[PDB]
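J.: Below you'll find the structure I mean.
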Protein chains: 4
Amino acid sequence: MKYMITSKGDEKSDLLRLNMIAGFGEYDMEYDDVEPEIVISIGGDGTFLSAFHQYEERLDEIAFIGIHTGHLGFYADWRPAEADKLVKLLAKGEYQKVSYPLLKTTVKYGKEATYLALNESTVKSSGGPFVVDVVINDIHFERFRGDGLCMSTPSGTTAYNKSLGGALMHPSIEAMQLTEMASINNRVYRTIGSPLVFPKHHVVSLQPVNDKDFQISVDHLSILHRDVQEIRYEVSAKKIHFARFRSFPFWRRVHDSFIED
Amino acid sequence: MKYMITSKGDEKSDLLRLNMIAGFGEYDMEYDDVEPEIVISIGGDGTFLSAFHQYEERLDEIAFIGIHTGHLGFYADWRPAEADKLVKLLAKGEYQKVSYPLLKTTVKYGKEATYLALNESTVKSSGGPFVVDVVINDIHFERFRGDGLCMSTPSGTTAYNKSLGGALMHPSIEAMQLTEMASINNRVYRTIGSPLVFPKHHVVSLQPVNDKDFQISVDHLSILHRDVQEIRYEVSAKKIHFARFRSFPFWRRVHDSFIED
Amino acid sequence: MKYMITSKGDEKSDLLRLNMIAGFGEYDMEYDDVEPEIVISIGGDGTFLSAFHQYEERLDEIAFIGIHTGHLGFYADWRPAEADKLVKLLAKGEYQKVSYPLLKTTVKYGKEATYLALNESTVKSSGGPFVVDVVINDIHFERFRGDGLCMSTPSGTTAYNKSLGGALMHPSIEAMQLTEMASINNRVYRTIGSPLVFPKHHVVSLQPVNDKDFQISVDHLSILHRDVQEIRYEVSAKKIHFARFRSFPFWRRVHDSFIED
Amino acid sequence: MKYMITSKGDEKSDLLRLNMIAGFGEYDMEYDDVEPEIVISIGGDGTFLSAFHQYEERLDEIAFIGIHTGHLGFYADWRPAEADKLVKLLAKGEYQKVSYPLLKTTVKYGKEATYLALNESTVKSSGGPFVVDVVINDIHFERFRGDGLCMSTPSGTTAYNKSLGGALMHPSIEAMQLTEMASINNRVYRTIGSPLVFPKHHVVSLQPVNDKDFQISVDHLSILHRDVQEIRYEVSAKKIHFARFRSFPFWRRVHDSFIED
Ligand SMILES: CN(CC#Cc1nc2c(N)ncnc2n1[C@@H]1O[C@H](CO)[C@@H](O)[C@H]1OP(=O)(O)O)C[C@H]1O[C@@H](n2cnc3c(N)ncnc32)[C@H](O)[C@@H]1O
Ligand SMILES: CN(CC#Cc1nc2c(N)ncnc2n1[C@@H]1O[C@H](CO)[C@@H](O)[C@H]1OP(=O)(O)O)C[C@H]1O[C@@H](n2cnc3c(N)ncnc32)[C@H](O)[C@@H]1O
Ligand SMILES: CN(CC#Cc1nc2c(N)ncnc2n1[C@@H]1O[C@H](CO)[C@@H](O)[C@H]1OP(=O)(O)O)C[C@H]1O[C@@H](n2cnc3c(N)ncnc32)[C@H](O)[C@@H]1O
Ligand SMILES: CN(CC#Cc1nc2c(N)ncnc2n1[C@@H]1O[C@H](CO)[C@@H](O)[C@H]1OP(=O)(O)O)C[C@H]1O[C@@H](n2cnc3c(N)ncnc32)[C@H](O)[C@@H]1O
């Protein structure tokens, strides 16, 4: 099939990439970085996040593989030594695919712009204080004042979501999780405090009250949006598909990353 | 159909119960507290929890209704004024049923005993320090030392789980959530810290290392178990069925209970 | 004595200010906004913070008073109705003074710039990731990666510090408190997690490792510093002096602000 | 001077104890376990806590030393290899003493009983729910419902207090810190949430409202008190005196214990 390989850029990743292409060369495998069916990421989770967004418009025609040259990642969870063993099983085929849920973000102006996130999407204070109205399925849930909010995919719960006190969710759960960044809670302002886990079809809407500029981030892409009036969060109908070749369970990936490998 | 009504016991609850039975008397409705199809709880969530466990062996043949005489509850979410309106719609039928997931607990000795929880099941220090090995789908995940652990149903996440830093989960999500009670984390002991959200079929096993006595609780039932060697947690295959007669969404119930009614 | 009055600017604050000046006019009191001995703030804590920094170079020659026209504040803790009673006791004299500790921030370049904070001073990510080395009395304590850090005065612990999980400290304690903003903790990065309470003479130093630009804030003043190599935190030798005229204890101020007035 | 040595009891601690007594034998040093001036603890912090309470009635006539045979402790912070070097400097004298603050607990019945804590004193649910009124300097601050409360000395903030979210306090600060154990916070019940740091002379009083039985703990001593009506917490006037022979600063002890030795 068509394949391509992206690299962190350092000497170790570029050289493992050149060795896999060489191993791939002796097969019915064509390197193609326009319409690949297999996207291999060599580096870290950030390298994988770049690879995902590089091909977010062909998600249903692509299986992703992550190779970590540094420490173990959650998307780059195969080490370099098995790359030669990886070439072989990628060549024949015959491998199950694993699908993780994604988060859809809709940003409306006064036109709109949608985005797709693998880790999380965050909304932040543009310069002055951050006050937004939180609306859940068209019901006003709370008026939030603080540093910002974070809406996380299941696989993203080990990322920014974990640092904000969120729960770690197994990626087979089609859900999204909202966490607060340093909220005020006094006699004037009241927020729920706890992280909120939303299922499919539930729409969380963030609406400004005073300022209308915000720092909106989607994974590592962070741009300041102007003249916004709504940020809609929703479990996407699209999924990211991983090529699977042996059992590396999620809770084991959590154990190795946070307890001790 | 067969029905029965349980009461908190105070003057207000006993009298609303006697008025609903009177309203029920003028219908094709027989009061029966052995094999009811409709179980009405008058009082609070605790009164409802008692009503659930009173009939946990006929869960698939029962629809539950909760009436709160005091503050708003999450299971007792209809106020007394609509009880007369409640009698009518219960009499004809024609009402959708709502199903919430339950948590199954298995306790093994050296025989075994299983239990069913609507809120949560907790395991606690029997007197000396609490040390248990946490095993997820037969993999050793961590060695926990602290005050105890709490495994919560979705509808239970607003109860004890919320006080322990857990996330609030919408009850349509078939899952269970584990939270820590005051764990030690130093160079010797290491725990994940974050709450963990597990899907169906995932089995969390708690295994003792030193002492084998524990305070195990299931909802308000808390008994000390002796000579245990395993506590297994798992999303139950059974569900609790609620009689539904109008839209009182979960996130609104959360708003009214924690933000301001 | 010399006095001056600052106002939030709205109609209510400007008019209470004009009435106190009128009441002050019938006394041996001269309005002077260059070298006052009494600085009255009318509005909120933010109005008081502006009044403090407006006169931070004459702290030992000034007693501060706060009047809240809106909700109760921690520095603006007298309501408008007692302003006429306030005029009288300010005129005669004979009132004890209360002193709260301040936080000193030193920012070095490659010259230096020092600052004085009543609430807190925070250091934040300038655009890229935030990584700093934390040094306590010239010992390397930890390498922090996250959103930022917050060093709070005692009276500031109810402000930003409280939202970040810090402890509330009685202002008679000459100390400063450091809290983390969303830190990463995995096999690579390790931070203490808990808030740290430092006494007098203890110097906490923040040193960059990669980027050298930071968003440094001091109370509501937030400016981006360039080419920094050290941010030093230390309990200041200066104190803010409040004019006291009746007992409004701190823990009562906490109760009224966060429990219910 | 008079001295004595206590041991964890295992083979390693008993044998290091017998070697120090031998080294002590060749000096103007008399082993005396009734009125020692030097109390050496060999084992861990728990062994040291037992040694402190064994002599809490002669605190002002005793200097304490801790030797850790296992991992590094906060009171047992010298390793066995320097015990022979420890014998010499203990023999001559000429060493500064370090003093840490203690926490005084008063428990009243309907007579009273006072206690002294080096780490913390906790109050817990006796069997039924835990509800107490929190009173600060004779003002009603809050009505707490939850698992319990913990009042910690400065040196105790790295113990149970740290697991409950409290701040780490340098032991030169004469203070005490209160933290909550899993409190309920809804429209009915309201607690401050944040840890509270109290100075000298401040009296925190816990008063029951419904049940009057409680599990009160002081360090590792935990006994159930009956017919109580008040638990008073206060920074003690007594201090524990440590024999100091080189610089092992507190924040370094924190670094080595929680970051990495
Ligand atoms: C440049 N990164 C790429 C990546 C990744 C990333 N994704 C995940 C994930 N899904 N589960 C766990 N670990 C993850 N990683 C690691 O996390 C660190 C920060 O990159 C790195 O070790 C990553 O690892 P690797 O790239 O060094 O191999 C942007 C991301 O950073 C997250 N993020 C931002 N701010 C904070 C913060 N304050 N605290 C914690 N996380 C934060 C956020 O989610 C964003 O998408
Ligand atoms: C006697 N109760 C019955 C009930 C209920 C209960 N269930 C829920 C729920 N699912 N979502 C939210 N609120 C809930 N409620 C309320 O919670 C308080 C404590 O009953 C009361 O107001 C309840 O309300 P109502 O009875 O006064 O109307 C035992 C339960 O207490 C929980 N629990 C135990 N210890 C703690 C603690 N330390 N912190 C918080 N919750 C705790 C635990 O889950 C247990 O099953
Ligand atoms: C514009 N403010 C002025 C003030 C004041 C301020 N100081 C204090 C204080 N010492 N103890 C308690 N309450 C305080 N207040 C209130 O706090 C809210 C935010 O102003 C307002 O109600 C204040 O009240 P009043 O102005 O509406 O009357 C900047 C400050 O905001 C703090 N701050 C910034 N970001 C956050 C955040 N994410 N969460 C919580 N606090 C934050 C920070 O400390 C900064 O100095
Ligand atoms: C039997 N212990 C003796 C000791 C000591 C103790 N004191 C301190 C301290 N001041 N600073 C930091 N570390 C400390 N240690 C360690 O802490 C662990 C638990 O002993 C052990 O490693 C201790 O170490 P060492 O004995 O193995 O060498 C009772 C104490 O346990 C604390 N405690 C109780 N319950 C919990 C909990 N749920 N979480 C955390 N701490 C708890 C409480 O404070 C009590 O006085």
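Residues are named by chain letter and number: chains run A, B, ... in the order of the structure tokens, numbers start at 1 in each chain, and ligands are numbered from 1 in the order shown.
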Do a neighbour search on residue 14 of chain D at 12 Å with only C-alpha atoms, toss out local chain neighbours closer than 3 positions, and write the hits as a short mmCIF file (atom, residue, chain, number, x, y, z; two decimals) with N, CA and C atoms, in the first residue's frame.
T.:
```
data_model
loop_
_atom_site.label_atom_id
_atom_site.label_comp_id
_atom_site.auth_asym_id
_atom_site.auth_seq_id
_atom_site.Cartn_x
_atom_site.Cartn_y
_atom_site.Cartn_z
N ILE D 5 18.81 4.63 73.80
CA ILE D 5 18.62 4.33 72.39
C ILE D 5 17.44 3.39 72.25
N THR D 6 16.51 3.74 71.37
CA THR D 6 15.37 2.90 71.04
C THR D 6 15.54 2.35 69.63
N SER D 7 14.92 1.21 69.37
CA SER D 7 15.15 0.48 68.13
C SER D 7 13.83 0.00 67.55
N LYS D 8 13.79 -0.07 66.21
CA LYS D 8 12.62 -0.62 65.53
C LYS D 8 12.36 -2.06 65.93
N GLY D 9 13.41 -2.80 66.30
CA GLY D 9 13.28 -4.16 66.78
C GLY D 9 13.88 -5.20 65.87
N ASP D 10 14.02 -4.91 64.58
CA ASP D 10 14.57 -5.88 63.64
C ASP D 10 16.07 -6.07 63.90
N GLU D 11 16.67 -6.98 63.13
CA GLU D 11 18.06 -7.34 63.38
C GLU D 11 19.00 -6.18 63.08
N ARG D 17 22.21 -0.41 67.34
CA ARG D 17 22.05 0.09 68.71
C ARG D 17 23.14 -0.48 69.62
N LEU D 18 23.39 -1.79 69.53
CA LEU D 18 24.42 -2.41 70.36
C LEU D 18 25.82 -1.92 70.03
N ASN D 19 26.05 -1.47 68.79
CA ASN D 19 27.35 -0.92 68.44
C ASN D 19 27.53 0.51 68.92
N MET D 20 26.45 1.30 68.96
CA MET D 20 26.56 2.66 69.47
C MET D 20 26.73 2.67 70.98
N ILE D 21 26.01 1.79 71.69
CA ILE D 21 26.22 1.64 73.12
C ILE D 21 27.67 1.27 73.41
N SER D 41 16.92 7.57 68.17
CA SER D 41 15.95 6.66 67.58
C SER D 41 16.57 6.00 66.35
N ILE D 42 16.52 4.68 66.30
CA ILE D 42 17.09 3.91 65.20
C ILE D 42 15.96 3.12 64.54
N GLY D 43 15.71 3.41 63.26
CA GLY D 43 14.62 2.79 62.53
C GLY D 43 14.02 3.72 61.49
N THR D 69 17.38 3.31 59.36
CA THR D 69 18.00 2.10 58.84
C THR D 69 17.43 1.72 57.48
N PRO D 80 23.05 5.04 58.94
CA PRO D 80 23.86 4.31 59.94
C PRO D 80 25.36 4.55 59.86
#
```
J.: Which parts of segment 66-250 of chain B does DSSP call alpha helix (DSSP H) when run on the backbone here, written out as a PyMOL selection string?
T.: chain B and resi 83-92+160-163+250
J.: Can you work out which one of B:114, B:177, B:54, B:222 has the shortest atom-to-atom distance to chain D, counting only C-alpha atoms?
T.: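 The answer is B:222, which sits nearest to chain D.
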J.: Which residue gives the smallest distance to residue 4 of chain D among D:55, D:74, D:250, D:160, with only C-alpha atoms counted?
T.: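 Looking at the shortest contact to residue 4 of chain D, the residue is D:55.
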J.: For atom 28 (O, counted along the ligand's line) of ligand 3 and atom CA of residue 48 of chain C, determine how far apart the two atoms are, in Å to one decimal place.
T.: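 Answer for the atom 28 (O, counted along the ligand's line) of ligand 3 to atom CA of residue 48 of chain C separation: 8.6 Å.
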J.: To check your reading of the model: which residues sit at most 7 Å from ligand 4 when counting only C-alpha atoms and all ligand atoms? Write the answer as number ranges by chain.
T.: B: 145-147, 182-184; D: 44-47, 49, 71-75, 119-120, 155-160, 163, 219-220
J.: Given only C-alpha atoms as the basis, pick out the residue of D:252, D:239, D:226, D:187 nearest to chain A.
T.: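 Checking each of D:252, D:239, D:226, D:187 against chain A, counting only C-alpha atoms, the winner is D:187.
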J.: Please identify which residues in segment 8-240 of chain A DSSP calls strand (DSSP E) from the backbone, and express them as a ChimeraX atom specification.
T.: /A:30-31,38-43,63-68,97-108,112-117,120-125,130-136,139-152,168-169,175-183,196-199,204-208,214-218,221-225,230-240
J.: Would you pick out the contacts of residue 198 of chain C at 12 Å or less, using only C-alpha atoms, so that residues sharing its chain but fewer than 2 positions from it are not included, and give the list as a PyMOL selection string?
T.: (chain C and resi 103+136-137+151-154+169+173-179+195-196+200-204+233-235) or (chain D and resi 154+167-173+250-251)
J.: Write out as a list in words which residues come within 8 Å of residue 245 of chain B when counting only C-alpha atoms, dropping same-chain ones fewer than 3 positions away.
T.: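 Surrounding residues, per the criterion: residues 89, 95 and 96 of chain B.
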J.: Just C-alpha atoms for this one: save the residues we selected as an mmCIF file, in the first residue's frame.
T.:
```cif
data_model
loop_
_atom_site.group_PDB
_atom_site.id
_atom_site.type_symbol
_atom_site.label_atom_id
_atom_site.label_comp_id
_atom_site.auth_asym_id
_atom_site.auth_seq_id
_atom_site.Cartn_x
_atom_site.Cartn_y
_atom_site.Cartn_z
ATOM 1 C CA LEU B 89 -49.663 8.795 34.918
ATOM 2 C CA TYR B 95 -44.264 6.133 30.110
ATOM 3 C CA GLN B 96 -40.728 5.519 28.930
#
```
J.: Please identify all residues of chain A having at least one atom at most 12 Å from any atom of chain D, considering only C-alpha atoms, and return them as a list in words.
T.: residues 185, 186, 187, 190, 191, 192, 193 and 194 of chain A
J.: Near residue 77 of chain D, within 7 Å and counting only C-alpha atoms, which residues show up once chain neighbours fewer than 6 positions away are dropped, as a PyMOL selection string?
T.: chain D and resi 66-68
J.: Excluding segment 236-238 of chain C and residues on its chain fewer than 3 positions from it, collect all residues at most 8 Å away from it, counting only C-alpha atoms, and give them as a PyMOL selection string.
T.: chain C and resi 59-60+101-104+116+200
J.: For ligand 2, which residue among D:254, D:188, D:243, D:221 is the nearest when counting only C-alpha atoms and all ligand atoms?
T.: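 Using only C-alpha atoms and all ligand atoms, the shortest distance to ligand 2 belongs to D:188.
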J.: With only C-alpha atoms and all ligand atoms as the basis for distance, which of D:88, D:162, D:124, D:232 is at the shortest distance from ligand 2?
T.: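 Of D:88, D:162, D:124, D:232, the one nearest ligand 2 is D:124, counting only C-alpha atoms and all ligand atoms.
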